[PDB]
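Shown below: work_5.pdb, with PDB, C-alpha atoms and all ligand atoms.
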ATOM      1  CA  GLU J   2      16.172 -10.306 -10.165
ATOM      2  CA  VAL J   3      14.311 -10.854  -6.829
ATOM      3  CA  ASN J   4      12.716  -7.695  -5.238
ATOM      4  CA  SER J   5      14.998  -5.412  -7.310
ATOM      5  CA  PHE J   6      13.982  -2.095  -5.766
ATOM      6  CA  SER J   7      16.035   0.833  -7.193
ATOM      7  CA  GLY J   8      16.333   4.545  -6.320
ATOM      8  CA  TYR J   9      14.707   4.351  -2.910
ATOM      9  CA  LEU J  10      15.751   6.533   0.039
ATOM     10  CA  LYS J  11      16.232   4.492   3.234
ATOM     11  CA  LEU J  12      14.430   6.244   6.120
ATOM     12  CA  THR J  13      14.816   3.557   8.846
ATOM     13  CA  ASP J  14      16.323   0.092   8.909
ATOM     14  CA  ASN J  15      13.080  -1.338   7.469
ATOM     15  CA  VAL J  16      11.258   1.616   5.689
ATOM     16  CA  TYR J  17      12.330   2.931   2.211
ATOM     17  CA  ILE J  18      10.541   5.559   0.046
ATOM     18  CA  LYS J  19      10.491   6.609  -3.618
ATOM     19  CA  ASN J  20       8.699   9.159  -5.800
ATOM     20  CA  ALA J  21       7.078   6.649  -8.164
ATOM     21  CA  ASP J  22       3.854   5.149  -9.471
ATOM     22  CA  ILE J  23       3.277   1.881  -7.532
ATOM     23  CA  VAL J  24       2.061   0.252 -10.814
ATOM     24  CA  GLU J  25       5.324   1.074 -12.628
ATOM     25  CA  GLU J  26       7.303  -0.139  -9.605
ATOM     26  CA  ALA J  27       5.408  -3.439  -9.537
ATOM     27  CA  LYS J  28       6.055  -4.040 -13.277
ATOM     28  CA  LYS J  29       9.809  -3.404 -12.888
ATOM     29  CA  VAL J  30      10.452  -5.018  -9.524
ATOM     30  CA  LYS J  31       7.922  -7.943  -9.582
ATOM     31  CA  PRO J  32       7.976  -7.910  -5.770
ATOM     32  CA  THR J  33       6.888 -10.878  -3.718
ATOM     33  CA  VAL J  34       3.993  -8.733  -2.337
ATOM     34  CA  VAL J  35       2.325  -5.586  -3.643
ATOM     35  CA  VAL J  36      -0.109  -3.867  -1.243
ATOM     36  CA  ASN J  37      -3.408  -2.536  -2.592
ATOM     37  CA  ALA J  38      -5.104   0.395  -0.875
ATOM     38  CA  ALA J  39      -8.446  -1.511  -0.892
ATOM     39  CA  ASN J  40     -11.988  -0.921   0.379
ATOM     40  CA  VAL J  41     -14.050  -3.488   2.314
ATOM     41  CA  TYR J  42     -15.855  -4.890  -0.786
ATOM     42  CA  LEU J  43     -12.693  -4.950  -2.903
ATOM     43  CA  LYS J  44     -14.269  -2.697  -5.549
ATOM     44  CA  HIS J  45     -11.250  -1.215  -7.337
ATOM     45  CA  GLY J  46     -13.085   1.790  -8.800
ATOM     46  CA  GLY J  47     -10.368   4.448  -8.870
ATOM     47  CA  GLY J  48      -7.139   5.743  -7.438
ATOM     48  CA  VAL J  49      -4.391   3.253  -6.493
ATOM     49  CA  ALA J  50      -6.771   0.226  -6.526
ATOM     50  CA  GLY J  51      -8.240   1.167  -9.927
ATOM     51  CA  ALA J  52      -4.687   1.584 -11.327
ATOM     52  CA  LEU J  53      -3.453  -1.803 -10.008
ATOM     53  CA  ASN J  54      -6.644  -3.501 -11.300
ATOM     54  CA  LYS J  55      -6.274  -1.895 -14.772
ATOM     55  CA  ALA J  56      -2.660  -3.146 -14.957
ATOM     56  CA  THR J  57      -4.003  -6.715 -14.467
ATOM     57  CA  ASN J  58      -6.610  -6.134 -17.326
ATOM     58  CA  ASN J  59      -9.410  -6.523 -14.740
ATOM     59  CA  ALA J  60      -8.283 -10.019 -13.564
ATOM     60  CA  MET J  61      -7.837  -8.599  -9.997
ATOM     61  CA  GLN J  62     -11.479  -7.379  -9.946
ATOM     62  CA  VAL J  63     -12.922 -10.748 -11.047
ATOM     63  CA  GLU J  64     -10.810 -12.605  -8.459
ATOM     64  CA  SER J  65     -11.837 -10.049  -5.788
ATOM     65  CA  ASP J  66     -15.568 -10.455  -6.506
ATOM     66  CA  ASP J  67     -15.219 -14.268  -6.156
ATOM     67  CA  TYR J  68     -13.336 -13.832  -2.808
ATOM     68  CA  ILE J  69     -16.124 -11.507  -1.482
ATOM     69  CA  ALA J  70     -18.867 -13.896  -2.581
ATOM     70  CA  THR J  71     -17.431 -16.756  -0.540
ATOM     71  CA  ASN J  72     -15.932 -14.816   2.423
ATOM     72  CA  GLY J  73     -17.896 -11.596   2.771
ATOM     73  CA  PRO J  74     -16.348  -8.090   3.073
ATOM     74  CA  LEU J  75     -13.210  -7.199   4.908
ATOM     75  CA  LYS J  76     -13.262  -5.064   8.105
ATOM     76  CA  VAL J  77     -11.630  -1.587   8.129
ATOM     77  CA  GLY J  78      -8.075  -2.232   9.343
ATOM     78  CA  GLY J  79      -8.098  -5.770   7.920
ATOM     79  CA  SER J  80      -6.633  -7.472   4.870
ATOM     80  CA  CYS J  81      -6.643 -10.530   2.636
ATOM     81  CA  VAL J  82      -4.000 -12.177   0.433
ATOM     82  CA  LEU J  83      -4.933 -12.805  -3.213
ATOM     83  CA  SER J  84      -3.004 -13.280  -6.416
ATOM     84  CA  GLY J  85      -0.477 -10.679  -7.538
ATOM     85  CA  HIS J  86      -1.254 -11.516 -11.225
ATOM     86  CA  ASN J  87       1.407  -9.895 -13.464
ATOM     87  CA  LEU J  88       2.378  -7.400 -10.747
ATOM     88  CA  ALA J  89       3.694  -9.508  -7.934
ATOM     89  CA  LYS J  90       3.533 -13.065  -6.488
ATOM     90  CA  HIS J  91       0.759 -11.894  -4.096
ATOM     91  CA  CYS J  92      -1.420  -8.854  -3.589
ATOM     92  CA  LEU J  93      -2.109  -7.919   0.016
ATOM     93  CA  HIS J  94      -5.390  -6.001  -0.069
ATOM     94  CA  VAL J  95      -5.364  -3.700   3.013
ATOM     95  CA  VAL J  96      -8.240  -1.518   4.143
ATOM     96  CA  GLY J  97      -7.040   1.718   5.740
ATOM     97  CA  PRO J  98      -9.682   4.027   7.302
ATOM     98  CA  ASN J  99     -11.361   6.538   5.048
ATOM     99  CA  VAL J 100     -11.437   9.597   7.268
ATOM    100  CA  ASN J 101     -13.417  11.520   4.663
ATOM    101  CA  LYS J 102     -16.185   8.904   5.167
ATOM    102  CA  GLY J 103     -16.055   9.082   9.017
ATOM    103  CA  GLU J 104     -13.890   6.027   9.753
ATOM    104  CA  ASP J 105     -11.541   6.122  12.814
ATOM    105  CA  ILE J 106      -7.960   7.203  12.096
ATOM    106  CA  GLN J 107      -6.849   4.889  14.939
ATOM    107  CA  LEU J 108      -7.520   1.937  12.577
ATOM    108  CA  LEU J 109      -4.493   3.052  10.491
ATOM    109  CA  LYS J 110      -2.256   1.253  13.004
ATOM    110  CA  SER J 111      -4.264  -2.011  12.534
ATOM    111  CA  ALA J 112      -4.040  -1.499   8.732
ATOM    112  CA  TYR J 113      -0.202  -1.218   8.795
ATOM    113  CA  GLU J 114       0.016  -4.195  11.203
ATOM    114  CA  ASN J 115      -1.126  -6.468   8.309
ATOM    115  CA  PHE J 116       2.222  -5.708   6.611
ATOM    116  CA  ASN J 117       4.092  -7.603   9.353
ATOM    117  CA  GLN J 118       2.979 -11.007   8.030
ATOM    118  CA  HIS J 119       5.172 -10.506   4.889
ATOM    119  CA  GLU J 120       8.984 -10.177   4.798
ATOM    120  CA  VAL J 121       9.182  -7.669   1.912
ATOM    121  CA  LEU J 122       6.403  -5.411   0.474
ATOM    122  CA  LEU J 123       5.910  -2.721  -2.160
ATOM    123  CA  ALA J 124       3.136  -0.450  -0.777
ATOM    124  CA  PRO J 125       1.333   2.871  -1.135
ATOM    125  CA  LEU J 126       0.929   5.368   1.730
ATOM    126  CA  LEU J 127      -2.201   4.019   3.434
ATOM    127  CA  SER J 128      -5.281   6.271   3.857
ATOM    128  CA  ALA J 129      -3.614   9.209   1.993
ATOM    129  CA  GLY J 130      -5.129  10.939  -1.105
ATOM    130  CA  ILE J 131      -8.870  10.869  -1.203
ATOM    131  CA  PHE J 132      -9.084   8.664   1.968
ATOM    132  CA  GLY J 133      -8.320  11.922   3.807
ATOM    133  CA  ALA J 134      -5.630  10.991   6.385
ATOM    134  CA  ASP J 135      -2.768  13.409   6.926
ATOM    135  CA  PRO J 136       0.014  11.804   4.824
ATOM    136  CA  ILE J 137       2.758  12.887   7.288
ATOM    137  CA  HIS J 138       0.813  11.104  10.098
ATOM    138  CA  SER J 139       0.400   7.978   7.817
ATOM    139  CA  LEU J 140       4.226   7.829   7.312
ATOM    140  CA  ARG J 141       4.783   8.135  11.098
ATOM    141  CA  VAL J 142       2.335   5.255  11.729
ATOM    142  CA  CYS J 143       4.093   3.168   9.044
ATOM    143  CA  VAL J 144       7.554   3.771  10.603
ATOM    144  CA  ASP J 145       6.290   2.995  14.112
ATOM    145  CA  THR J 146       4.262  -0.065  13.191
ATOM    146  CA  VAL J 147       5.856  -1.972  10.331
ATOM    147  CA  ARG J 148       8.783  -4.247  11.365
ATOM    148  CA  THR J 149       9.245  -6.105   8.076
ATOM    149  CA  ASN J 150      10.830  -4.444   5.012
ATOM    150  CA  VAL J 151       8.554  -1.972   3.298
ATOM    151  CA  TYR J 152       9.200   0.019   0.102
ATOM    152  CA  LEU J 153       6.747   2.929  -0.164
ATOM    153  CA  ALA J 154       5.965   4.325  -3.597
ATOM    154  CA  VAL J 155       4.404   7.778  -3.471
ATOM    155  CA  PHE J 156       3.352   9.096  -6.924
ATOM    156  CA  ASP J 157       3.770  12.826  -6.301
ATOM    157  CA  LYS J 158       7.145  14.585  -6.050
ATOM    158  CA  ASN J 159       5.671  17.481  -3.976
ATOM    159  CA  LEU J 160       4.315  15.061  -1.355
ATOM    160  CA  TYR J 161       7.482  12.908  -1.475
ATOM    161  CA  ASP J 162       9.591  15.977  -0.687
ATOM    162  CA  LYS J 163       7.294  17.035   2.205
ATOM    163  CA  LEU J 164       7.335  13.484   3.665
ATOM    164  CA  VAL J 165      11.193  13.189   3.529
ATOM    165  CA  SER J 166      11.657  16.706   5.050
ATOM    166  CA  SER J 167       9.053  15.746   7.764
ATOM    167  CA  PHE J 168      10.946  12.489   8.607
ATOM    168  CA  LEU J 169      14.397  14.171   8.692
ATOM    169  CA  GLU J 170      13.325  16.981  11.092
TER
HETATM  170  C1  LIG J 201      -1.108  10.475  -2.123
HETATM  171  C2  LIG J 201      -1.136  10.003  -3.575
HETATM  172  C3  LIG J 201      -0.010  10.674  -4.380
HETATM  173  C4  LIG J 201      -1.053   8.461  -3.689
HETATM  174  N1  LIG J 201      -1.098   8.056  -5.091
HETATM  175  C5  LIG J 201      -0.383   7.042  -5.639
HETATM  176  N2  LIG J 201       0.674   6.514  -4.955
HETATM  177  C6  LIG J 201       1.378   5.556  -5.588
HETATM  178  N3  LIG J 201       1.215   5.061  -6.813
HETATM  179  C7  LIG J 201       0.166   5.590  -7.451
HETATM  180  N4  LIG J 201      -0.260   5.259  -8.710
HETATM  181  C8  LIG J 201      -1.364   6.036  -9.020
HETATM  182  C9  LIG J 201      -2.033   5.919 -10.332
HETATM  183  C10 LIG J 201      -1.525   5.321 -11.496
HETATM  184  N5  LIG J 201      -2.371   5.498 -12.507
HETATM  185  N6  LIG J 201      -3.409   6.183 -12.004
HETATM  186  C11 LIG J 201      -3.261   6.451 -10.701
HETATM  187  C12 LIG J 201      -1.656   6.853  -7.952
HETATM  188  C13 LIG J 201      -0.688   6.562  -6.935
HETATM  189  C14 LIG J 201      -2.121   7.738  -2.880
HETATM  190  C15 LIG J 201      -1.808   6.964  -1.766
HETATM  191  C16 LIG J 201      -2.796   6.288  -1.071
HETATM  192  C17 LIG J 201      -4.133   6.335  -1.442
HETATM  193  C18 LIG J 201      -4.442   7.118  -2.570
HETATM  194  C19 LIG J 201      -3.461   7.827  -3.262
HETATM  195  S1  LIG J 201      -6.070   7.156  -3.226
HETATM  196  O1  LIG J 201      -6.451   8.523  -3.469
HETATM  197  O2  LIG J 201      -6.071   6.280  -4.361
HETATM  198  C20 LIG J 201      -7.077   6.477  -1.959
HETATM  199  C21 LIG J 201      -6.412   5.235  -1.379
HETATM  200  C22 LIG J 201      -5.169   5.636  -0.591
END
Here is a file; write its structure as C-alpha cells.
Ligand SMILES: CC(C)[C@H](Nc1ncnc2[nH]c(-c3cn[nH]c3)cc12)c1ccc2c(c1)S(=O)(=O)CCC2
Amino acid sequence: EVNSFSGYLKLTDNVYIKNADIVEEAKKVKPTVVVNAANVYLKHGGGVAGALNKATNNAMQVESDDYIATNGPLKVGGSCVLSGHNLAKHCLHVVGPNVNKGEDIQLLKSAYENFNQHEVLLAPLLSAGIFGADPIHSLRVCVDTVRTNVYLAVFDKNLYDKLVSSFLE
C-alpha cells in the first residue's frame, strides 16, 4: 500500500521509468512525493502542471497562489514543498529551465538536485516537452544527479522507447 509502483523498468539502482501518465500514476500509487514540472510563479496553465492541478480540482492552484503571495516566485532550478492533495502526501514543485524561453540548460542539474531531499519520488522528465530540453540529455542529468529513489513517468511510448534504448547503449 505504500509507494506501490508497478510496471517500472529499473535503469540504475535508484532510477526507474515507465510509459505512463504521471496523474494516473499518482492516483494509483499515492506516493509520498509527486514532482510537478512548475514555473516560477506556480501558474499551472497547461502540460504536466495543468494536468496535476486539474486532478486536484484546482486546489493546487489556490494553494500555489497563496504560497507566491507570501514568499514570492521561485528561482529557475529551485523548488518548494506544498500539499500533495489527493495525489500524494506532498507535491515538490520544481522549476527546470525552459530552453525555448532562453533559460540556461545548466540549471537542469540544480533542478534535479531538489529531488535529493526526498527518499522516494514520482516525477516527470524535467524540462522535456514544450520546455525544449533534449529529453535524452534530461534523463542523463537525472541519472547522474539524483541519489534518492526516483520513478519517472513519461506519457509517450515513442519517447519512452527512445529513452530506454539511449540508456542501454
Ligand atoms: C515529454 C512529454 C511526453 C511529458 N508529458 C507527460 N509526462 C508524464 N505525464 C504526463 N501527463 C500528461 C497529461 C495528462 N493529461 N494531460 C496531459 C502529460 C505528461 C512531459 C515531461 C515534462 C514536461 C512536459 C511534458 S510539458 O510539455 O508539460 C512542459 C514541462 C516539462
Practice prompt. Return as a ChimeraX atom specification the residues of protein, DNA or RNA that approach ligand LIG 201 (chain J) to within 7 Å, with all atoms listed in the file taken into account.
Written response: /J:21-24,38,47-50,52,125-132,154-157,160
Worksheet item: Any idea what's packed within 7 Å of residue 30 (chain J), counting only C-alpha atoms, ignoring anything in its chain fewer than 4 positions away? Could you give it as a PyMOL selection string?
Response: chain J and resi 4-6+26
Worksheet entry | Interatomic distance, CA of residue 3 (chain J) to CA of residue 20 (chain J) (Å, one decimal) | 20.8 Å
Worksheet item: Mind telling me what the PyMOL selection byres (((chain J and resi 79-96) around 8) and not hetatm) catches here, as a ChimeraX atom specification?
Response: /J:24,27-28,31-41,43,56-57,60-61,64-65,75-78,97-98,111-112,115
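The coordinates place CA of residue 70 (chain J) at 27.2 Å from CA of residue 123 (chain J).
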Item to complete: Would you please work out which residue, of J:19, J:74, J:7, J:2, is nearest to residue 161 (chain J) when using only C-alpha atoms?
Response: J:19
Please determine an axis-aligned box that encloses all atoms of region 12-20 of chain J listed in the file, with 4 Å added on each side, and express its centre and edge lengths in Å to one decimal as lines of an AutoDock Vina configuration file.
center_x = 12.5
center_y = 3.9
center_z = 1.6
size_x = 15.6
size_y = 18.5
size_z = 22.7
Practice prompt. Give me the result of the PyMOL selection byres (((chain J and resi 18) around 7) and not hetatm) on this file, residue by residue, as number ranges by chain.
Written response: J: 9-11, 16-17, 19, 152-154
Practice prompt. Mind listing whatever residues come within 12 Å of the point (7.8, 11.3, 15.1)? Use only C-alpha atoms, file coordinates, and give them as a ChimeraX atom specification.
Written response: /J:137-145,164,167-170
Residues from the last selection, C-alpha atoms, saved as a CSV table (one decimal), in the coordinates of the input:
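Output file out26.csv is given in full below:
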chain,number,residue,atom,x,y,z
J,137,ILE,CA,2.8,12.9,7.3
J,138,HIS,CA,0.8,11.1,10.1
J,139,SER,CA,0.4,8.0,7.8
J,140,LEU,CA,4.2,7.8,7.3
J,141,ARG,CA,4.8,8.1,11.1
J,142,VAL,CA,2.3,5.3,11.7
J,143,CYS,CA,4.1,3.2,9.0
J,144,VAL,CA,7.6,3.8,10.6
J,145,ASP,CA,6.3,3.0,14.1
J,164,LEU,CA,7.3,13.5,3.7
J,167,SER,CA,9.1,15.7,7.8
J,168,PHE,CA,10.9,12.5,8.6
J,169,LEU,CA,14.4,14.2,8.7
J,170,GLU,CA,13.3,17.0,11.1
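Counting all atoms listed in the file, the residue from J:101, J:149, J:117, J:72 that sits nearest to residue 135 (chain J) is J:101.
The interatomic distance for the pair CA of residue 134 (chain J) and CA of residue 163 (chain J) works out to 14.9 Å.
When all atoms listed in the file are used to compute distances to residue 105 (chain J), the closest of the residues J:46, J:53, J:133, J:165 turns out to be J:133.
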